[PDB]
Amino acid sequence: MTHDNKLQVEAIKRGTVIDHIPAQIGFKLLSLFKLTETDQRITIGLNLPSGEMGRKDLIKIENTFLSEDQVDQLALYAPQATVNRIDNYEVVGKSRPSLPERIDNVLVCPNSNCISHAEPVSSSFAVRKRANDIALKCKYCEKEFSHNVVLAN
Amino acid sequence: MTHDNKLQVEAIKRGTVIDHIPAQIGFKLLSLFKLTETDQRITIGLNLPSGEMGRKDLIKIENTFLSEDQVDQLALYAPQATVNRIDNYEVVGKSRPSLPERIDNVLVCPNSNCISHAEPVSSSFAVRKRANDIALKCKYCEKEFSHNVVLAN
Amino acid sequence: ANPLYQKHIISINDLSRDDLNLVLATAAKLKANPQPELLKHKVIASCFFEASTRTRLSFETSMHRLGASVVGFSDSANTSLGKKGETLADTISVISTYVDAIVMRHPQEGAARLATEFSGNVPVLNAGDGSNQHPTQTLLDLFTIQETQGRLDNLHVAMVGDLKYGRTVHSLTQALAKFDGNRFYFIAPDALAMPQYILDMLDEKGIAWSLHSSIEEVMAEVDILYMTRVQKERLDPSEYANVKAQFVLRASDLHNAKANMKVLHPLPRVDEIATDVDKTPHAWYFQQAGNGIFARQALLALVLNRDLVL
Amino acid sequence: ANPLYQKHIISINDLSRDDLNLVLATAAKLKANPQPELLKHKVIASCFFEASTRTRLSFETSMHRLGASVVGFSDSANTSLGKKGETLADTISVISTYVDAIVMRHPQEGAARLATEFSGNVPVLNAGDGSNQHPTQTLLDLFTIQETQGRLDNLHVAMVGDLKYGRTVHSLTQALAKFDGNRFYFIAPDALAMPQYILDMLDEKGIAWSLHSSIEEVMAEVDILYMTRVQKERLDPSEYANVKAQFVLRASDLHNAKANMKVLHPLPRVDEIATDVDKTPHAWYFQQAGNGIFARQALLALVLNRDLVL
Amino acid sequence: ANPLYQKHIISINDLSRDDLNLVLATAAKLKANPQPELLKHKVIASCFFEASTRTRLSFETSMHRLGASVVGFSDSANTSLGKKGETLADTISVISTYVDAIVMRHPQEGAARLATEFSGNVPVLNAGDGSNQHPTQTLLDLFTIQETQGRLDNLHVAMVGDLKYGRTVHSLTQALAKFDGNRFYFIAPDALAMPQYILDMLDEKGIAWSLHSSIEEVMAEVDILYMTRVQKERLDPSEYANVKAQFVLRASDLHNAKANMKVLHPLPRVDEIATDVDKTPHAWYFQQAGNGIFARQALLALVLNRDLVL
Amino acid sequence: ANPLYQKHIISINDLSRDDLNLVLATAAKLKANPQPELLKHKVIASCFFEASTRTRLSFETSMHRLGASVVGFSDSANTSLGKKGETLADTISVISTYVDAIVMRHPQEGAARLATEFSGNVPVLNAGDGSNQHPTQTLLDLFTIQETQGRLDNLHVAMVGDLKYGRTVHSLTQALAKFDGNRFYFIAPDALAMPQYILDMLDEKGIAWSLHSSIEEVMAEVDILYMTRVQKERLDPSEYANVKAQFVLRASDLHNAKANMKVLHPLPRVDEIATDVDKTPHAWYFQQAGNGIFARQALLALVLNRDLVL
Ligand SMILES: Nc1ccn([C@@H]2O[C@H](COP(=O)(O)OP(=O)(O)OP(=O)(O)O)[C@@H](O)[C@H]2O)c(=O)n1
Ligand SMILES: Nc1ccn([C@@H]2O[C@H](COP(=O)(O)OP(=O)(O)OP(=O)(O)O)[C@@H](O)[C@H]2O)c(=O)n1
Ligand SMILES: [Zn+2]
Ligand SMILES: [Zn+2]
């Protein structure tokens, strides 16, 4: 509670704001990390005006503080994004994602003979080599692929 | 003013506001009718207080008029949803969903032997209100199933 | 141009009374005066992705009796198609690039109707799609009822056998419901009962039907007795064998049958109709299979030909 | 008598420019005015010792559209031949004792040319022999390039896919090298590269070719884009899947393509050409398969007929 | 000697309440205080004329944890006995000269009882004979019910799935009906309902039973929920899919279950029990499969050893 | 306890230099002073979901020379588990109730690591999982290299054949790279070359390697020649045949080899090592196959026994 508006909507009473999501990544982050499976009030802004990116997305999840490694699961998709943690109308914390050492659940091994396809196991990849560009190794088949290839199917 | 309601909500100038989306169907509708694959401003609200009819969700999509056909597909999901267009800062039309003739694309044949499963086809089911339920008949296999059996799978 | 000109014959539910009568009036004329060169220079594809010998040999003799060429495959005996993930949409988009009509059988329900989205202007006639439809078996059944009973309405039709999984009784009940005042007797073991969606359609149209356990209860009133084969995998060995396996006709049961009554069976019959029934006037199952030649020739003529000289 | 009269069409390397132009000019006339009775009373054998449905159905419809009878077998589904050590020299010495031309596919390379030593005066047309030749797929490819581009010379032809094991790209590169000033772009993963004997033949004829990694590098200049399927056994699952599997066309890639550009593919395509490419003007793979009917009818006409009335 | 000593174990119908308790008593002792050289020097034959990897490995591990030696086979498309020529009776007459006990599984009913008339004094233990009996599955189910609930009577047992054809549910109802005061709830698709004979038996004993339609209807009063896999082949794909919101189990459905309620399943479970059930306290099908070792040890020990004092 | 006690043996990447030396140390002692009742009362399961007679018999003989009992299977066209319905995960969850250790070979990669998450405290040993790992082959290769050369570092090792796809050569290079100063010579057909990742790893460790074209180029500096079978299916018949005067081995080629040079091969050898090599002192592939017994005894002893003092 205070002013809201939409060009840069305003103030939730305690919770998390993931601001500066690239664009079209917001709904991916909602789907993939199933941030919606909450009874708390979420407010989401898609394709918004901004300083440098120009148009961006934002997600405000009240009463949940997702942190430390939840913020890192975001790094592959929204690396420049800030995760403001709010207590009592004040940003009592700003995080940025950093590359994790494990990305569970969200990816699909491109190797069609991998056993992970058919079974009640969650996908898991070891991650390596920051920003010259990322290789992911399946837990199970131990094949290493380029992240851009895993991120297509 | 303050009986919080809105907290200065995003009065959009021109567009479609879907309101009274029954809770948890809010995200469903975004996915299924791919409403975020647009570059215009969307502002979504999930698990908002329905001081009148449940708890609810609401999508505001600007400079977009989603009509007639588009509105009726939502009947299977949010039967209790009022679409409202806006052309210059207030309601120009307020439309309820009614069950359509056919539901295309979004829905899967329950029948695993249906050919639709393995092919480059889009689903079509003919809708029949069988006074208790809605029966959906597949275009392809011509098997008739309770809308409930179809809506999980 | 005739109404069926260049239509896809995919479901019985799509043909109106008038479409069913036209086909049956054209079969009657080709049975009486042959037209051996009517489809001359037409090439038809006979695609049986699932093998069905009986239906193939009749569909192709029908094509051969109107003068057309046939190319094609029988499979489920791995004749190299569906090889390296070729979709059915892509197979039909290539076969319709050079034949004049496609006749196809396929194991999945819905497949002839999908062929239709890819074939362009080449008509698709369905020879069976999974447990869904088989129009051409219903057209020959109807033709045989008309020709032996003189009408398609006011009939007393008994349906005996596995009514729950028999694709042909389900389609014939829906075709005969197109017509007036027919009465149905269903005689099936409890496990193989006529499904509720058929029964509900009949009630909604005000048509009369009833369940009986013995053909003896009904023989006297019956005009058409359509028998079906029970497949013993639908039951277990001892179930089949038990007091359930007497849905079988013998000559002694036809004692009181009307002079006009006929016994019809899509075939293979293995033991539900005993061999001594064949020597009776009422056995019309083989003559029913000969009538498949003119019901299919008439459909091929009406579909490929815009005007017929009757 | 025409030059191809009673010739055996076994390899592309045996047909001269003039032979390739004659066939392509005759296909053009049969496409424009049909000759439905030209091979009347001829009987042709369709021997596919290895099954290939797509090619059989087209070769036989072609025989049926010129009025000939077809007898024959599809096998690798044990239709009793090669039974008790019968040699191929002996099978062909008996089949040529009663048919007028043999059309054959066989798994070993060299087999149509061996049939030729045993057939006498009955011509042998090859429908594929192992990894060696397939003239009739190259003739239909050439026909489709001519008919859509207006010429067979001065083309900018890109070849994408598995160039190392794709029997058809190897033959089309040798046929297009018959002609003048064509330019080639080869875009293949490193493991599936265009073999050196092709490259060496191109250099020796002074023809220009180059390797590229992305179709984006070349789209703009391209007239014919001949895509091929990679078979994932030629690579391993993870190799295929890796940064290697993007030799796949989508609609968004054709943005800057010339108005005349066409996408050609022998088929089955499984996923190298995405389904959204079909709705573009540039998708010509199905029309390419329809053109197989007239390239093969023209070869059958020129081979069995000594004089044609054009 | 012990009552079962050197006895044939063919049907549950043949074992009294007391024989079932003696087995369950022994098996709880062999579980507690293992006896690894009890059948030292015995050779048991594992004749699986019908493959079943899971039942075969549990028996052979039972033979080996009591120190016995094992010879035998399995036969999907393989190894010669029974042939067609060789009778079962002669296979057994020969094998009962080699071994000390025979465990056999065969596809035709009563194959085990026929064996009994040819094995001399060699005991034969039935591991399944068609759709008739499977006593060692009922023996481990009752051990798991006794071990979890503390008793075998005054139980509220729910059975779910294919009740018409699960051989294990037919057996388990006869077995639990030798004890006192059990109430049965049978939740099945009415096409797959408990046959009138189990029901007619239950009534003479005065046992209470009821038929329900969803597990949700009884979740609250129930002690054992015995799930069975519903077999798609005896169903239509579309029948299979249209039953209610099914009869499959998920943890959501368990929020209601009593604290000591367990879910049993003979396995395999394809989809009727979801993965989330596996992590609740109520999940007991894997433990149930491990108790198979103790039930089958017990039966072997009592059959081959005269007086067993453990 | 010993470091490997009750540990899963899934990948070479997971075993340190020291773990590899502990295994090789134990295996030389079990070779010297055999201990036949070490696993008395253990039941090991031999789940070969992918048949391999040679690896299966070496493991089972290993289980039996240490006195263990064995239950299990192989599955070419046979015996039911995994089915399609039955997950691997449920096969393992059930089997890990019966046995004390699981040796498994499966066709999809990581099947072994998935097993690990379902076997409770039951160790699983990977006998091959698709194209990923085969640790017990690398364990016996290193035992044979150590046993013949006297050391595992400062070796001049040559690897020949299909380097792109031999899983054993990928593993053996990672393993020999935990030791110091090894020089690698990789003689492969450039279509079948060592993948850049083995090479990129070798460079970070500073290990020296070179790529050659014929064994003749290195015959003289080499200590181990590890031959691999080249797999014709990933080659064209004509490609396979045209490589140089090959990369096959004959005694003529050995006239040059050092006195302590040995030729290793995981087997089968079809034609890359000629019969005359077998009679020279350099031939060591059969001895290599016998050391499989000692490497697999060692791994089983350390996994199942806490403190092993031999
Ligand atoms: N109770 C509040 C307070 C702030 N915000 C959100 O917090 C985010 C960023 O925090 P802030 O430091 O207050 O604004 P910025 O300076 O823009 O932070 P940054 O520079 O990291 O973007 C803004 O998007 C704002 O909407 C909020 O939703 N609710
Ligand atoms: N410029 C405007 C005007 C209205 N609205 C939205 O349009 C919706 C229409 O509701 P309205 O007719 O204004 O009053 P209600 O009584 O809430 O409509 P209903 O009877 O369906 O509850 C409201 O949710 C409001 O957010 C908007 O976003 N921008
Ligand atoms: Zn993987
Ligand atoms: Zn369907």
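Here chain F follows Swiss-Prot, giving residues 2-311 in order.
Looks like X-ray crystallography, 2.5 Å, at least that's what the header says.
For all residues, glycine too, the Cβ spot is worked out from N, Cα and C.
These come from Swiss-Prot:
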BINDING   F:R55, F:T56, F:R106, F:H135, F:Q138, F:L268, F:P269  carbamoyl phosphate binding site
BINDING   F:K85, F:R168, F:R230  L-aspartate binding site
Between F:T56 (carbamoyl phosphate binding site) and F:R168 (L-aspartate binding site), find the distance joining the two CA atoms and give it rounded to the nearest Å.
-> 15
In three-state DSSP terms, the structure that F:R106 (carbamoyl phosphate binding site) belongs to = strand
In whole Å, how far is F:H135 (carbamoyl phosphate binding site) from F:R168 (L-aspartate binding site) when you measure between their Cα atoms?
-> 7
DSSP says F:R168 (L-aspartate binding site), in three-state terms, is helix
Of F:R55, F:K85, which of the binding-site residues has the most Cβ neighbours inside 10 Å?
-> F:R55
Would you kindly determine which binding-site residues in the set F:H135, F:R168, F:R230 have their Cβ under 8 angstroms from any Cβ of chain A, listing them in sequence order or replying 'none'?
-> none
Close in space but at least six residues away in sequence, with Cβ under 8 Å from that of F:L268 (carbamoyl phosphate binding site), the same-chain residues are F:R55, F:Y286, F:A290
Do me a favour and check the Cα-Cα span between F:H135 (carbamoyl phosphate binding site) and F:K85 (L-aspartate binding site); whole Å is fine.
-> 25
Calculate the distance in Å between the alpha carbons (Cα) of F:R106 (carbamoyl phosphate binding site) and F:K85 (L-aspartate binding site), and round it to a whole number.
-> 18
Check each of F:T56, F:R106, F:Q138, F:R168, F:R230, F:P269 (the binding-site residues) against chain C and write down, in sequence order, those whose C-beta lies under 8 A from a C-beta there; write 'none' if there are none.
-> none
Whole-number Å only: compute the distance from the Cα of F:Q138 (carbamoyl phosphate binding site) to the Cα of F:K85 (L-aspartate binding site).
-> 30
Return the residues near F:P269 (carbamoyl phosphate binding site), defined as same-chain residues 6+ apart in sequence whose C-beta is under 8 angstroms from its C-beta, sorted by sequence, else 'none'.
-> F:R230
A correct count of other C-beta atoms within 10 Å of the C-beta of F:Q138 (carbamoyl phosphate binding site) gives 23
Between the binding-site residues F:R106, F:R168, F:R230, whose Cβ has more other Cβ atoms within 10 Å than any of the rest?
-> F:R106
